[PDB]
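What follows is a set of notes on a single structure, which appears directly below.
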Amino acid sequence: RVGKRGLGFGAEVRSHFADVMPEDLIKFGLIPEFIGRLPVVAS
Amino acid sequence: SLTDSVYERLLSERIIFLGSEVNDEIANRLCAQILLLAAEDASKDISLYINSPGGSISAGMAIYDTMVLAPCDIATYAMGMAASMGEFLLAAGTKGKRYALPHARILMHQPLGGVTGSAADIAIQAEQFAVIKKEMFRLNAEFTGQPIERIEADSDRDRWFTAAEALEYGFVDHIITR
Amino acid sequence: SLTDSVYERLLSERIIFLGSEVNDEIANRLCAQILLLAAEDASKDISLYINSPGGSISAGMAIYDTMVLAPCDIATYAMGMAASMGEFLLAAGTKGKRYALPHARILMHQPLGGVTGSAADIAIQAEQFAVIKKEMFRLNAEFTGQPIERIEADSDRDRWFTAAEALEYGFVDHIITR
Amino acid sequence: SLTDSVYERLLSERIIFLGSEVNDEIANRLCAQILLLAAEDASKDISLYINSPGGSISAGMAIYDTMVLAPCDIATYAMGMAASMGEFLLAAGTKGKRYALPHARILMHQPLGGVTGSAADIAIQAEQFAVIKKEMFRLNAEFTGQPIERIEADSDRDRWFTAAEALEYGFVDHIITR
Amino acid sequence: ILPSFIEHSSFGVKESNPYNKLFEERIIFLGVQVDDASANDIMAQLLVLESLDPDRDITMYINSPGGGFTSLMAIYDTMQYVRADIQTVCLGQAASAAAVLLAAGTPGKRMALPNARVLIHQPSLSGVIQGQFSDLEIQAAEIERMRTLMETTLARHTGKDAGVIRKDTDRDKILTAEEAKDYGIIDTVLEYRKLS
Amino acid sequence: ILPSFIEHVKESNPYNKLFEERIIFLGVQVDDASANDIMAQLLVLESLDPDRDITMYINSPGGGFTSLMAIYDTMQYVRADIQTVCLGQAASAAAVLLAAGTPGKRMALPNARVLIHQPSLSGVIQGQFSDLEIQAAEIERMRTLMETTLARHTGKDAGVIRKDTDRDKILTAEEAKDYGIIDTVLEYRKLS
Amino acid sequence: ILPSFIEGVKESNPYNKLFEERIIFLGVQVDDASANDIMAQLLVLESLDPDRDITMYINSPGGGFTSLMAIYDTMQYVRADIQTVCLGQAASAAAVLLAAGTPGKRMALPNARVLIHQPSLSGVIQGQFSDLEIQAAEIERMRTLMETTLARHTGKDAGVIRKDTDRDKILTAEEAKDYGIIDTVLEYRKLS
Amino acid sequence: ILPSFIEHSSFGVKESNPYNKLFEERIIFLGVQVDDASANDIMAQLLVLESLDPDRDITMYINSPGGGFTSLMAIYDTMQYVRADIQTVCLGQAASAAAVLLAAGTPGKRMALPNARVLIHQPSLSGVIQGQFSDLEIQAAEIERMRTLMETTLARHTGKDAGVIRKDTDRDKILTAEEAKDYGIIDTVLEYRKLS
Amino acid sequence: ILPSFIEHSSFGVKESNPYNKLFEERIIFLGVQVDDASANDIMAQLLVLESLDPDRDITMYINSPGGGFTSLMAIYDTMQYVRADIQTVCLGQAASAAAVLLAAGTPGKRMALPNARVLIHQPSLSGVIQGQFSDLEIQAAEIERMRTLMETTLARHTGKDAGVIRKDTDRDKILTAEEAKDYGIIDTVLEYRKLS
Amino acid sequence: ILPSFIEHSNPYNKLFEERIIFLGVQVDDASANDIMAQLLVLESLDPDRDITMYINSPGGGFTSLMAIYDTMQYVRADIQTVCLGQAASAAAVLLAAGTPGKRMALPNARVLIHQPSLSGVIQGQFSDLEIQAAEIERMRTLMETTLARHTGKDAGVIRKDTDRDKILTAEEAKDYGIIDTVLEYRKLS
Ligand SMILES: CC(C)C[C@H](NC(=O)[C@H](Cc1ccccc1)NC(=O)c1cnccn1)B(O)O
Ligand SMILES: CC(C)C[C@H](NC(=O)[C@H](Cc1ccccc1)NC(=O)c1cnccn1)B(O)O
Ligand SMILES: CC(C)C[C@H](NC(=O)[C@H](Cc1ccccc1)NC(=O)c1cnccn1)B(O)O
Ligand SMILES: CC(C)C[C@H](NC(=O)[C@H](Cc1ccccc1)NC(=O)c1cnccn1)B(O)O
Ligand SMILES: CC(C)C[C@H](NC(=O)[C@H](Cc1ccccc1)NC(=O)c1cnccn1)B(O)O
Ligand SMILES: CC(C)C[C@H](NC(=O)[C@H](Cc1ccccc1)NC(=O)c1cnccn1)B(O)O
Ligand SMILES: CC(C)C[C@H](NC(=O)[C@H](Cc1ccccc1)NC(=O)c1cnccn1)B(O)O
Ligand SMILES: CC(C)C[C@H](NC(=O)[C@H](Cc1ccccc1)NC(=O)c1cnccn1)B(O)O
Ligand SMILES: CC(C)C[C@H](NC(=O)[C@H](Cc1ccccc1)NC(=O)c1cnccn1)B(O)O
């Protein structure tokens with residue numbers, strides 16, 4: 001996700017644990033209810 | 001060639017050979033030989049020895065027309081095999097002069113062919129296949145003296161004849177036994 | 001060869017054979033034979049026996065031009081099969097001298113061919129196919145005495161003729177019955 | 001052979017045939033026949049009957065050079081088909097003596113060929129293709145009396161001619177109608 | 001080559017090729033020649049989609065060059081059998097059997113694309129079928145059975161007389177989409193819906 | 001192309017979805033490998049439920065005779081009734097398998113073709129005349145067995161099967177119902 | 001044409017549902033690769049339970065002799081009784097495998113044909129006459145081994161097998177029961 | 001060779017090409033000759049990507065020698081149909097039919113890499129179509145309809161007169177990327193964007 | 001044979017060949033002949049490796065006989081397009097198009113192992129292109145356009161004049177690794193980094 | 001047929017995860033790219049563990065040879081070449097290309113060395129053929145200097161030996177210098 005560039009001849013390719021979002025943790029397997037009950041992220 | 005030399009010396013004795021399948025090449029040289037021999041003598045018989053597995057109808061109809069239109073009699077000789085067009089041209093000989101050698105075999109059957117192309121083309125081919133098969137059966141009925149319904153039923157698949165069976169059926173007039 | 005020897009002896013009797021498909025090889029030797037026989041006698045008829053499944057238009061147009069430009073009459077003879085270019089050259093004979101042997105078959109149909117290449121090439125091929133088919137139908141209308149619209153409609157697919165049907169239609173002038 | 005025998009008897013009457021594609025084999029025997037007939041009589045015309053789908057340029061240029069360098073006139077005859085190298089050699093005949101038989105067809109088009117090999121080889125082939133096509137169009141312009149720009153535009157794809165159209169265009173000098 | 005995507009549906013992480021995705025939206029795809037192996041596929045898909053929902057329309061895309069007659073009438077009968085209406089869309093060509101399957105869709109629901117080609121012609125034997133003249137009399141009465149059945153089929157679906165189909169399918173009658181709409185193979189040329 | 005659709009983990013084509021609904025599909029020519037497939041499917045569906053009937057779809061140009069009688073005997077062996085539906089064509093063996101279904105349960109689509117003919121040999125079988133008179137007693141065994149098989153199922157005399165299969169007797173669906181090969185020309189169920 | 005129920009789990013086509021029910025299937029010709037397949041299945045089913053009967057289905061045209069005796073030995077080796085069932089045909093080497101079942105357990109469908117014939121060379125084996133003397137003593141050994149194999153299993157004299165397999169002897173199901181190749185002809189089990 | 005893993009997850013045998021990665025970013029890939037099977041693939045992907053998001057632009061990569069005309073107009077119509085704008089990018093070549101698809105992108109969105117060529121020419125018949133002269137007159141009216149339809153397609157996408165397309169596609173007209181921009185096949189010769 | 005080893009990944013289990021293990025490390029193999037399907041694969045890899053990190057250098061291992069010119073310029077333009085620097089390493093051979101792709105790496109990053117062949121030659125027509133002389137003068141001006149473009153391409157990557165490329169590529173100018181460094185196709189004869 | 005055993009995987013997967021690259025097919029561009037992919041994978045997995053290369057190959061193309069040869073010499077790992085049955089032509093050069101001391105051969109393995117050949121006929125003008133013949137002498141000299149630096153023999157001695165097919169046994173290839181030890185059988189009985 002951090003590093004999700006555009007792919008191919010079209011869109012631009014300029015468009016650790018500290019860049020974490022729940023979009024990453026839903027992809028990990030944490031349900032979005034579990035994540036919002038954990039507002040603070042230490043890394 | 002030797003084979004052409006023996007055939008040339010038998011052409012001089014008015015003995016011609018239908019020895020292959022009746023395609024247009026063998027038919028045209030037989031038609032040429034009948035036209036050549038009827039030009040030499042219009043009163044001496046042509047001996048047509050037939051060892052043929054049959055062939056094209058229109059090629060054999062060329063031979064059959066050249067046989068009939070020749071002013072001389074065409075004595076035909078079933079020599080080993082007279083199948084399909086070869087039995088036709090055998091039975092197409094001058095009556096009284098159609099011979100089977102005593103171990104020749106005569107195969108009478110309906111015409112084979114092939115349908116191809118569009119449905120309008122095949123309807124024309126089948127219409128012409130009905131014309132060819134009716135005309136081929138009419139002439140085999142005329143040659144053998146059999147009814148045309150007898151020729152239709154018997155030619156439906158391969159019907160084989162010995163020399164003695166072809167004599168009774170009407171393809172030949174004599175069995176040569178010397 | 002024997003086959004060439006019989007054809008040579010019938011060439012001496014002014015009897016030539018269209019016995020194959022009309023390709024350029026058979027056409028050029030027929031054109032050569034017509035040029036040879038018209039050089040020998042310009043007043044004796046050439047008998048052209050035709051047992052042909054048809055062939056190239058331009059090859060048969062070479063024969064047809066050599067037949068017309070020969071000072072002697074070209075008697076044509078449908079022998080077994082006068083199909084396509086073979087019916088054309090049959091009907092191209094001298095009028096009064098076009099013969100069908102009584103079991104010959106005449107097949108009149110429109111020209112076959114093939115389109116290939118680019119779209120600009122095929123537009124030229126089709127333009128020339130319309131020229132060839134109009135000219136082939138004009139001459140079959142001239143030969144048979146049929147209207148050109150009659151030839152167009154009848155040659156659209158294969159139209160078969162017996163000897164008696166070709167006599168009525170106009171391809172031949174007589175049916176030989178000797 | 002019979003076919004060689006008729007061609008030999010027409011070679012005696014100074015009638016030679018371009019009846020195939022113009023490859024080096026047919027060209028060399030035509031060049032040999034023109035050299036043979038010009039050695040026999042240097043004053044009697046050679047009749048070149050052309051039923052040709054065209055062929056190699058250099059093979060037909062061998063014939064065209066042997067036609068021009070022959071001291072006798074080469075009467076050319078479009079017989080059925082004078083296409084490509086065959087229209088060239090037709091139009092290469094002696095002026096006043098180029099004939100089309102009235103149903104011959106004349107096909108004039110630019111040379112065909114093939115490029116192959118490396119880019120330096122193909123640049124040489126294309127340079128030589130421009131030389132061949134300019135020389136072939138120059139001679140067809142010289143033969144027919146057409147402008148070279150007229151020959152360039154018309155030969156760009158297949159351009160077909162009837163006998164009457166080839167007479168107007170300039171390939172032949174007469175249409176034989178006997 | 002056919003790239004495969006992933007669908008996050010009620011489940012998610014479900015790998016799907018575009019052809020499974022067409023079939024999930026009840027689109028049967030006839031893009032290959034109509035032979036037995038293709039007709040076997042389409043008839044299986046027509047019966048699956050009838051079973052999944054017999055009320056929703058099955059869409060049939062036709063990019064076929066056409067083919068076998070019994071494979072044609074296998075697909076044809078299954079298109080007519082199912083309770084679902086068939087929406088035939090022509091994509092490129094519908095030739096031979098395919099144009100009959102294109103006309104075989106539900107009236108009102110037969111579409112082509114504006115540059116689609118509809119090629120109707122009479123049945124032909126592929127290659128020479130040989131045999132005795134009694135065999136060939138059967139095979140020729142059979143292709144006249146096939147020719148009449150094709151024209152009877154195109155008469156039901158174009159609204160033309162079967163003799164008019166017979167005169168038109170003498171040669172290759174190539175229709176464009178607007179010409180096949182006026183003929184009755186389709187009745188919608190299906191205008192493009194691009195937003196620009 | 002043949003798509004699939006994921007059920008529930010499992011990936012099923014429409015042929016699986018047919019087969020789970022007791023539908024065996026004869027869609028290719030009857031050779032050994034296809035007959036082996038059909039017989040395996042006939043025994044699986046009989047084991048799953050020998051009382052729920054098996055449906056056999058036949059879109060087939062026919063084929064080998066021993067592959068025919070392999071399918072035929074297995075269709076007759078299984079406890080389940082066989083519902084044969086003809087789809088487009090059933091030629092030769094396929095028409096014998098079409099007639100081989102349970103009486104009352106033999107269907108054809110309205111434009112299906114039913115082609116019956118005597119057995120043949122593909123190409124020439126070489127051999128001595130003792131070999132050939134055995135191969136010809138065999139093709140007569142195959143011809144008589146096929147005409148007997150069509151006599152059990154069409155309700156006709158085997159001598160009348162023999163006169164009809166002299167050439168290709170090609171039947172439509174209505175002509176095959178009158179003949180006895182099918183029992184029902186399957187009418188369309190389109191809602192419109 | 002075969003419905004595979006695909007799925008990371010077992011695939012389960014109908015041949016798996018034959019093999020789990022201890023039915024080995026021989027429907028292809030008996031070449032090396034098929035014989036290798038059958039022997040792998042005969043050993044696996046022996047190891048799963050050596051007391052339950054292995055069933056062998058035979059729809060084979062036959063094939064090579066060493067591939068025959070590969071299957072034959074493994075059928076005779078395993079502790080499980082082999083139940084051979086003929087489907088359609090058991091020709092050539094496959095008739096020997098059909099007779100190679102356990103006595104009482106050799107079955108055939110009613111319209112299954114059983115073809116027995118002496119071994120033949122596939123094509124022409126070239127060589128010197130000492131090479132061909134070896135190859136002819138070999139096929140005579142193959143012929144004698146096939147006859148004594150059919151002598152063991154049909155209960156006949158090997159000279160009777162020699163006179164009968166001189167040409168192609170095609171047996172029907174009832175004729176193979178009288179001969180000794182199968183033990184029972186399977187009756188149809190249909191409830192209709 | 002193409003690097004691609006199979007993740008299983010006990011739900012699938014899930015394949016991951018780089019083409020699957022391109023298709024996720026709405027890049028349809030025409031890299032083979034336009035035949036039926038290619039056209040069938042491309043149209044199925046255009047309709048999937050229209051359904052996934054009809055607003056985002058489909059990108060079509062074209063590295064193709066070009067092929068059949070009805071397969072061409074199959075892809076062409078499905079391009080012109082979908083609500084998504086189509087970004088056509090030429091890779092290496094767009095010849096024959098593939099140059100028509102290259103011009104068939106949305107105006108302003110037709111790209112070519114700088115050393116790509118664009119080969120336009122008139123339709124041909126690969127091989128010889130045999131037949132009677134009535135059959136060939138049908139097949140030649142067809143190849144002229146194909147030629148006229150290709151020219152009027154290239155007329156409405158290049159802004160040229162269709163007669164100018166006649167005189168240009170009389171032979172092979174190979175354009176470069178910049179020559180196809182001046183001609184109107186593409187709208188942008190795509191600049192390199194390397195960091196160094 | 002190629003062993004597809006298994007990596008325990010997030011999604012259940014990932015099964016990967018050695019090519020995908022290296023594709024995760026920005027490593028591309030041009031190891032097949034450069035045809036359309038090869039060029040299609042390499043362009044898909046080069047774009048995917050650009051989108052994952054456009055600043056991490058891509059390594060293109062080249063063991064190729066070379067091939068088609070448009071497939072060449074498809075790979076070439078995509079190598080020049082991507083934001084990531086391309087590290088071309090020659091293995092064994094880079095012949096024809098492959099030597100152009102070897103020279104097409106980022107300057108300073110074009111390697112060849114010491115026994116790698118680098119073969120440059122002018123483009124050739126494989127087989128014989130038939131046709132009229134107007135067709136062939138198009139096909140010959142095209143292969144002169146291909147020859148000039150390849151010499152122009154090898155000019156700005158080897159730092160030579162395109163005329164100097166033209167005299168050299170008249171025949172097969174076959175270079176070793178050290179001869180291709182002096183020529184300018186590679187920048188470094190890549191020394192063996194074996195630890196013994 | 002190749003029986004597998006999943007999650008313990010076929011036998012080539014099990015050899016590869018134990019760092020055994022396999023060359024049993026002929027050396028062409030396809031097999032070279034496979035081996036060079038595997039050499040670069042096993043270098044990236046651990047560069048300090050030996051890669052073992054099994055050679056049952058009849059040999060093949062020279063540029064496919066020197067592709068594998070260079071990559072074997074390129075990777076940080078030591079290459080352990082074992083000859084299995086045969087190492088003919090190009091594959092005997094790869095057999096000699098292992099790390100010294102780590103070139104094994106099975107006792108009945110054949111090692112066949114010969115000079116490079118052109119398979120078939122390369123047509124062309126005499127200037128094309130003068131290039132192709134200076135190239136096959138480039139390939140011949142490079143192969144002999146490659147076998148010179150790995151067998152310890154003079155390159156002219158390699159040239160006289162590879163005049164014809166020099167078939168070596170396992171023990172003859174040890175005395176020649178292609179392999180370093182003939183691998184003794186270690187069966188417990
Ligand atoms: C007495 C009858 C059966 C004559 C038989 N003739 C045919 O069946 C021949 C066999 C043949 C020969 C050459 C080329 C093609 C076909 N059939 C024909 O010539 C034929 C077929 N269909 C229409 C018109 N003629 B014979 O050759 O079996
Ligand atoms: C004579 C006409 C009316 C009927 C048939 N003739 C043709 O159409 C022939 C058949 C043929 C023969 C040899 C080579 C190629 C084609 N067609 C031509 O020669 C032909 C075709 N297109 C343009 C110009 N000539 B016949 O040969 O069946
Ligand atoms: C009047 C002109 C068009 C003559 C034509 N000649 C050619 O195009 C012939 C066709 C041909 C014949 C034999 C072998 C190869 C090619 N072309 C040539 O001979 C040719 C082709 N390229 C360079 C030099 N000569 B004719 O054959 O179409
Ligand atoms: C016009 C419609 C009815 C179908 C068109 N042609 C046919 O009728 C097809 C053409 C075809 C295709 C594949 C194999 C054999 C024959 N006819 C048949 O399928 C067919 C099959 N058996 C006997 C007679 N006709 B289409 O395939 O061009
Ligand atoms: C008529 C029914 C019973 C079967 C039809 N086909 C056959 O007769 C098939 C055609 C065929 C196939 C291969 C080799 C020889 C012959 N007959 C046989 O299976 C067959 C096999 N061995 C001996 C005799 N006939 B039909 O086409 O399915
Ligand atoms: C008679 C029984 C034993 C087997 C029959 N044929 C043989 O004897 C087979 C021939 C055959 C036939 C079909 C496929 C493969 C091989 N004989 C052999 O395998 C064989 C092999 N090497 C030497 C001698 N015989 B059966 O396959 O027709
Ligand atoms: C120029 C555009 C329209 C397409 C170009 N060629 C065509 O027009 C293609 C060439 C082609 C390709 C594959 C199979 C048969 C024919 N034309 C056709 O698709 C075609 C198909 N049927 C009849 C007539 N033309 B391209 O493929 O060179
Ligand atoms: C020298 C470089 C630029 C290219 C070399 N190969 C070529 O020249 C290739 C070989 C080839 C392939 C197919 C048809 C004709 C020619 N040239 C082409 O790609 C090509 C393709 N179409 C027309 C003209 N040239 B090399 O072998 O990669
Ligand atoms: C002796 C060693 C170096 C290699 C041996 N083979 C070769 O020399 C191989 C055999 C070969 C294969 C394909 C085309 C031409 C020649 N030489 C080459 O790879 C080769 C390829 N192109 C040009 C020159 N040599 B051996 O048989 O593996």
Side-chain angles (χ1 to χ4, degrees), chain B residues 118-120, chain E residues 27-28 30 34 42 46 57-67 69 71-82 84-124 144-192, chain F residues 109-111 188 190-192, chain H residues 70 73-74 77 81 138 141-142 145 149:
Chain B
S118 67
Chain E
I27 296 167
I28 289 171
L30 176 61
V34 181
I42 275 96
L46 282 163
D57 295 336
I58 296 167
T59 305
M60 185 175 289
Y61 290 172
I62 295 164
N63 197 2
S64 177
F69 185 81
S71 303
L72 165 63
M73 291 299 167
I75 297 169
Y76 176 72
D77 285 332
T78 310
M79 290 169 65
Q80 297 298 109
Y81 179 77
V82 289
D85 290 334
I86 310 301
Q87 180 180 1
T88 56
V89 187
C90 182
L91 286 65
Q93 62 182 353
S96 162
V100 177
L101 298 175
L102 180 61
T106 299
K109 296 179 181 179
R110 301 188 296 263
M111 292 175 181
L113 288 170
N115 301 119
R117 186 181 73 179
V118 177
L119 195 153
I120 52 170
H121 66 93
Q122 58 189 352
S124 299
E144 291 294 321
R145 202 269 304 161
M146 292 178 183
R147 185 185 180 185
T148 303
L149 183 59
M150 187 194 74
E151 296 165 357
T152 302
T153 301
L154 289 176
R156 285 179 288 173
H157 291 289
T158 61
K160 291 189 177 297
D161 291 330
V164 180
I165 311 299
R166 188 179 174 89
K167 292 182 184 178
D168 290 333
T169 61
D170 193 8
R171 303 291 175 184
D172 293 333
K173 181 68 180 294
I174 293 96
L175 302 170
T176 64
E178 292 86 1
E179 291 176 353
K181 182 182 185 292
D182 293 330
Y183 190 85
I185 302 294
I186 62 165
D187 47 352
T188 301
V189 187
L190 188 62
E191 295 289 328
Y192 304 127
Chain F
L109 290 171
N111 292 317
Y188 293 145
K190 184 70 71 70
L191 294 174
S192 179
Chain H
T70 61
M73 291 299 168
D77 285 331
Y81 182 77
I138 293 300
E142 178 65 27
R145 189 187 61 81
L149 186 59

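The sequence lines fix the lettering, A, B, ..., with proteins before strands; numbering per chain opens at 1. Both backbone and side-chain heavy atoms feed into the values below; hydrogens, waters and symmetry mates do not.
A side-chain donor-acceptor contact under 3.5 Å links E:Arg110 to the backbone of E:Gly105. Side-chain atoms of E:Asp77 come within 3.5 Å of backbone atoms of F:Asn111 as a donor-acceptor pair (strictly under, hydrogens ignored). Side-chain N or O atoms of E:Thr158 include none that pairs as donor or acceptor with a backbone N or O of E:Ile185 at under 3.5 Å.
Side-chain contact between E:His121 and E:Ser96 is present, with at least one heavy-atom pair separated by less than 4.5 Å. Under the 4.5 Å side-chain criterion, counting only non-hydrogen atoms from C-beta, E:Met79 is not in contact with E:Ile42. By the 4.5 Å heavy-atom criterion applied to side chains, E:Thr169 and E:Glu151 are counted as neighbours.
Taken from CD1 in E:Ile75 to CD1 in E:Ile62, the straight-line distance is 8.5 Å, to the nearest 0.5 Å. Distance CE/E:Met60 to CG/E:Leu101: 6.5 Å, rounded to 0.5 Å. Note: E:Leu30 CG to E:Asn63 CG = 8.5 Å, rounded to the nearest 0.5 Å. Rounding to the nearest 0.5 angstrom, the gap separating the OG1 atom in E:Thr153 from the CE atom in E:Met146 is 12.5 Å. With values rounded to the nearest 0.5 angstrom, E:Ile58 atom CD1 is found 11.5 Å from E:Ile27 atom CD1.
A salt bridge is defined here as a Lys NZ or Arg NE, NH1 or NH2 lying under 4.0 Å from an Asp or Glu carboxylate O, and E:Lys181 with E:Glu178 fails to meet this definition.
Residues that satisfy the salt bridge (charged side-chain N to carboxylate O under 4.0 Å, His left out) test with E:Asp187, not counting sequence neighbours, are absent from this structure. H:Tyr81 is linked by a side-chain hydrogen bond (donor to acceptor under 3.5 Å, both in side chains) to E:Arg193, counting only residues two or more places apart in sequence or in another chain.
Residue E:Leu72 comes nearest to E:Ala97 through the heavy atom pair CD1-O, 3.1 Å, listed as atom of the first residue, atom of the second, then distance. Closest of all the heavy-atom pairs between B:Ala119 and E:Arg147 is CB-CD, 3.7 Å. For the pair E:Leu102 and E:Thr88, the tightest heavy-atom approach, listed with the atom from each and the gap, is O-OG1, 2.7 Å. Between E:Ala177 and E:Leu113, the closest heavy-atom pair is CB-O, 3.2 Å. Between E:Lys173 and E:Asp168 the shortest heavy-atom distance is CB-O, 3.3 Å. Of all heavy-atom pairs between B:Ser118 and E:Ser124, the closest is CA-OG, 3.4 Å.
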Can E:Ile120 and E:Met150 be said to form a side chain to side chain contact (heavy atoms under 4.5 Å, CB included), step by step? CA-CA 10 Å; E:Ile120 52 170; E:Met150 187 194 74; over 6 Å; no
What's the verdict on side chain to side chain contact (heavy atoms under 4.5 Å, CB included) for E:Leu119 and H:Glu142, showing C-alpha distance, side-chain angles and the deciding distance? CA-CA 10 Å; E:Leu119 195 153; H:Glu142 178 65 27; 5.9 Å; no
Worked check of side chain to side chain contact (heavy atoms under 4.5 Å, CB included) between E:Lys160 and E:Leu154: CA-CA 8 Å; E:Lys160 291 189 177 297; E:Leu154 289 176; over 6 Å; no
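In summary, of the residues considered (E:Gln87, E:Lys109, E:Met111), a side-chain contact (heavy atoms from CB on, under 4.5 Å) with E:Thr188 occurs for E:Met111 alone.
Pairs of residues two or more places apart, or lying in two chains, that qualify as ring-ring contact (aromatic ring centres under 6.0 Å, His included) and include a residue from residues 150-191 of chain E are E:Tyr76-E:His157.
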